[PDB]
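Heads up: the structure comes next, in structure tokens.
Readers should treat all values here as calculations from the given coordinates under stated rules, not as data from a laboratory. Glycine also receives a Cβ, built like all others from the backbone with ideal geometry; neighbour counts cover every protein chain displayed.
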Amino acid sequence: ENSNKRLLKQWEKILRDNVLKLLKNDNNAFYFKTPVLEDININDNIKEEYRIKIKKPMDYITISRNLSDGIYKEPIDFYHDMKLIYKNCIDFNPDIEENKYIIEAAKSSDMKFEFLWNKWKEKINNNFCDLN
Amino acid sequence: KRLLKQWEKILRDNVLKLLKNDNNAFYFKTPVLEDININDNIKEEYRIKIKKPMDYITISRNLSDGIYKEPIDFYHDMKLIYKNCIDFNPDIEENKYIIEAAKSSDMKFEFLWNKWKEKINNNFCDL
């Protein structure tokens, strides 16, 4: 919520505006916006199951916060976290009719993210100095 | 029933199948000009403006009947559905869901095309 005066690096700006911005508010974003373990809409029994089973829970708001705070040391650390959101959904939720929308939303967003990462990886690598 | 070519089966089962029944497929399933939910005023303007209307059921029929001679013809028609949606619908708050659904599915299709293209080109005889 607090205003961040920290100046984002050019590679961090590309991930924020050209990759994350187009995914964080799309038609398949709804279930991946806020964290699972602190969401009031999910019952306590599923939240207990998620905390015990999921190694690292990930969502769009955590990524927006990490990108703002300068948590990622390399652009690939953002890639791994974005991929983690969709990978956690497929691994936790069983492939059944009641989970049809959520499994499709995770699969489609992963494909959409991979396109956006492939389209921008050239400029991302060019704006990132690994030697400094 | 006509026996489909191996490359046609790859486009049907590995590309089209994952797109025709997704969360953004709704508006791109059946043709605009024959859809009962759309009013005649939008329909006539679509007939005048849009050069070639395209949808998932038209592509499913074209792939099964053997309309496409090359796999790139399926690619051009698949892109056309999302292209016609952006060109006709103005960038307004009312058309927010539809414009996003065309953009996201275009990105999804491009992923599935690039993923399978190596197997698609191999299963197609050029000469």
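Structure notes:
- Top positive-direction residue, dipole computed over chain A with Cβ charges, set A:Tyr86, A:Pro57, A:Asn4: A:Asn4
- Chain A, helix-only ellipticity at 222 nm - DSSP H runs n ≥ 4, -39,500 (n - 2.57), divided by all residues, nearest 500: -17000 deg cm²/dmol
- Descending semi-axes in whole angstrom, ellipsoid equivalent of chain A, from the Cα gyration tensor: 28, 17, 13
- Neighbour cut-off at most 16 other Cβ (10 Å), DSSP loop, trypsin sites (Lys or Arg not before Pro), the range B:54-125: B:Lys69
- Given charges at Cβ of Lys, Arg, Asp, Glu: chain B dipole, positive-most of B:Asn39, B:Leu19, B:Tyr68: B:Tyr68
- Neighbour cut-off at most 11 other Cβ (10 Å), DSSP loop, GluC sites (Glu not before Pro), the range B:22-123: B:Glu34, B:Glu93, B:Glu94
- Too-long pairs where the Cα-Cα distance tops 22 Å, listed order kept, from A:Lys123/B:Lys119; A:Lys100/B:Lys5; B:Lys17/B:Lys83; B:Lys17/B:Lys103; A:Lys83/B:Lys83: A:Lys123/B:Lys119; A:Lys100/B:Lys5; A:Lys83/B:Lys83
- Other residues whose C-beta falls under 15 angstrom from the C-beta of A:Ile96 contribute a net charge of -3, scoring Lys and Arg +1 and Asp and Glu -1.
- Chain B - charge dipole about Cα centre, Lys and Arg +1 at Cβ, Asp and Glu -1, debye rounded to 20: 620
- Shape call, the range B:38-91: gyration tensor on alpha carbons, a/c limit 1.5: prolate
- 13 Å beta-carbon shell around B:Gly66, net charge (K/R +1, D/E -1): +3
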